[PDB]
$ cat model10.cif   # mmCIF, C-alpha atoms and all ligand atoms
data_start
loop_
_atom_site.label_atom_id
_atom_site.label_comp_id
_atom_site.auth_asym_id
_atom_site.auth_seq_id
_atom_site.Cartn_x
_atom_site.Cartn_y
_atom_site.Cartn_z
CA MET R 1 94.15 72.35 104.41
CA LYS R 2 96.13 74.06 107.12
CA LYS R 3 96.08 77.69 108.16
CA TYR R 4 99.42 79.47 107.63
CA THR R 5 100.44 82.32 109.90
CA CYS R 6 102.58 85.32 109.06
CA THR R 7 105.76 85.33 111.22
CA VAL R 8 106.05 89.13 111.40
CA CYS R 9 102.46 90.22 111.98
CA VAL R 10 99.22 88.78 113.32
CA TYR R 11 97.70 87.88 109.91
CA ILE R 12 96.61 84.29 109.47
CA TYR R 13 95.88 82.89 106.00
CA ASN R 14 92.71 80.79 106.17
CA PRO R 15 92.00 78.59 103.14
CA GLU R 16 88.25 78.75 103.80
CA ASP R 17 88.24 82.53 103.23
CA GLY R 18 91.04 82.66 100.63
CA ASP R 19 92.01 86.27 99.78
CA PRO R 20 89.60 87.18 96.97
CA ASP R 21 90.45 90.90 96.66
CA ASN R 22 94.03 89.79 95.77
CA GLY R 23 92.91 87.04 93.43
CA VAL R 24 92.96 83.99 95.72
CA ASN R 25 89.60 82.14 95.74
CA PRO R 26 88.13 80.56 98.86
CA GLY R 27 89.27 76.95 99.23
CA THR R 28 92.79 77.61 97.92
CA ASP R 29 95.65 75.78 99.63
CA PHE R 30 98.52 78.03 100.77
CA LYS R 31 100.92 76.07 98.52
CA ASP R 32 98.81 76.95 95.44
CA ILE R 33 98.73 80.71 96.07
CA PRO R 34 100.66 82.61 93.39
CA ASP R 35 104.34 83.14 94.13
CA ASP R 36 104.07 86.94 94.24
CA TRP R 37 101.21 87.06 96.78
CA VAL R 38 102.08 88.97 99.95
CA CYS R 39 100.70 89.35 103.47
CA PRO R 40 97.73 91.71 103.27
CA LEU R 41 98.71 93.45 106.53
CA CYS R 42 102.55 93.65 106.42
CA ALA R 43 103.38 92.85 102.78
CA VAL R 44 106.03 90.16 103.33
CA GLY R 45 106.17 87.19 100.97
CA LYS R 46 105.12 83.58 101.37
CA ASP R 47 108.61 82.64 102.57
CA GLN R 48 107.84 84.40 105.87
CA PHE R 49 104.76 82.25 106.61
CA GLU R 50 104.60 79.10 108.74
CA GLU R 51 102.16 76.21 108.86
CA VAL R 52 99.79 76.30 111.84
CA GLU R 53 100.09 72.66 112.97
CA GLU R 54 96.97 71.01 114.40
FE FE R 101 102.25 89.82 107.88
#
$ encode --input "model10.cif" --output "structure tokens"
Amino acid sequence: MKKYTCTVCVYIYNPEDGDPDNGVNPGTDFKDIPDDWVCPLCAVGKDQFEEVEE
């Protein structure tokens, strides 16, 4: 699983942490996050994220 970075703020989604306060368990792939999830810092949608290539 890849990290996905917000394109408009510094937030980085890390699958290992998930986003449990917003319902996303640890170990959740970015593609499986619910469609209405948003960036916890700037509130934009998943369509504004990019894969962090390795
Ligand atoms: Fe953001």
$ atom_distance --input "model10.cif" --atom1 "CA of residue 27 in chain R" --atom2 "CA of residue 41 in chain R"
20.4 Å
$ residues_near_ligand --input "model10.cif" --ligand "ligand FE 101 (chain R)" --cutoff "8 Å" --atoms "all atoms listed in the file" --output "PyMOL selection string"
chain R and resi 5-11+38-44
$ atom_distance --input "model10.cif" --atom1 "CA of residue 1 in chain R" --atom2 "CA of residue 28 in chain R"
8.5 Å
$ atom_distance --input "model10.cif" --atom1 "CA of residue 46 in chain R" --atom2 "CA of residue 30 in chain R"
8.6 Å
$ closest_residue --input "model10.cif" --among "R:47, R:54, R:4, R:37" --to "residue 21 in chain R" --atoms "all atoms listed in the file"
R:37
